[PDB]
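Before any comments, here is the structure.
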Amino acid sequence: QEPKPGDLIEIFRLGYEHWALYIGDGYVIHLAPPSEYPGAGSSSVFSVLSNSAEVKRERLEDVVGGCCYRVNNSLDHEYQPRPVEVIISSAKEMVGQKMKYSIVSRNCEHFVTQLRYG
């Protein structure tokens, strides 16, 4: 299925899945992977800001790259999804906020599931 605004996108990476929220016109909002490795520059690996990630609005094509991906709203069988008006206004309000990008924590998934389900 083609994504509609409010849909969760599951992207199959090597060893994990990256998640994004489709907002329409080929855009997603997501917890963007960091581009600075722990201990880059002057920073210590043990910095609390190691693997800091920013919530970004980006093109779906740029985030997916060549990867396989699907819409995955299967949590709709457990939780009632919010109105798309609220999902998308909530998502836009979070742009520029930060979270730890810990793959083990699944924060990229939890970020967008909270947008869809509250």
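No Cβ is skipped: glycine too gets one built from the backbone with ideal geometry, and neighbour counts run over all protein chains shown. Nothing in this text is a laboratory measurement; each read-out follows from the coordinates by a stated rule.
Could you list, ordered by first residue, the pairs with Cβ atoms under 7 Å in which the first is in the stretch 73-93 and more than 8 Å from residue 117 (Cα to Cα) and the second is among the polar types (S, T, N, Q), at least 6 apart or interchain? Within 7 Å, the pairs are 75/113.
Yes/no per residue for (1) surrounded by 15 or more Cβ atoms within 10 Å (Cβ to Cβ); (2) of a type outside the set (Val, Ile, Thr); (3) outside any loop (DSSP other than H, G, I, E, B); (4) touching a helix residue (DSSP H, G or I) at 6+ places or on another chain (Cβ under 9 Å):
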position	(1), (2), (3), (4)
4	no, yes, no, yes
10	yes, yes, yes, yes
28	yes, no, yes, yes
35	no, yes, no, no
41	no, yes, no, no
46	no, yes, no, no
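Only a single criterion out of (1) within 16 Å of residue 27 (Cβ to Cβ); (2) small (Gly, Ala, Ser); (3) under 13 Å from the mean Cα position of the chain (by Cα) is not satisfied by residue 102, namely (1).
In the stretch 48-87, what residues are among the aromatic types (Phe, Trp, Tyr) and assigned to a strand (DSSP E or B)? Correct list: 69 only. Are any of the residues in the stretch 3-10 in contact (Cβ under 8 Å) with a residue 24 or more places away in the chain, within 13 Å of the chain's Cα centre (by Cα) and farther than 18 Å from residue 118 by Cβ? The answer is yes; a qualifying residue exists. Residues in the stretch 14-26 that are surrounded by 14 or more Cβ atoms within 10 Å (Cβ to Cβ) and either in contact with an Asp or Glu (Cβ under 7 Å, 6 or more places away or on another chain) or assigned to a loop (DSSP other than H, G, I, E, B) (or both): 17, 19, 22.
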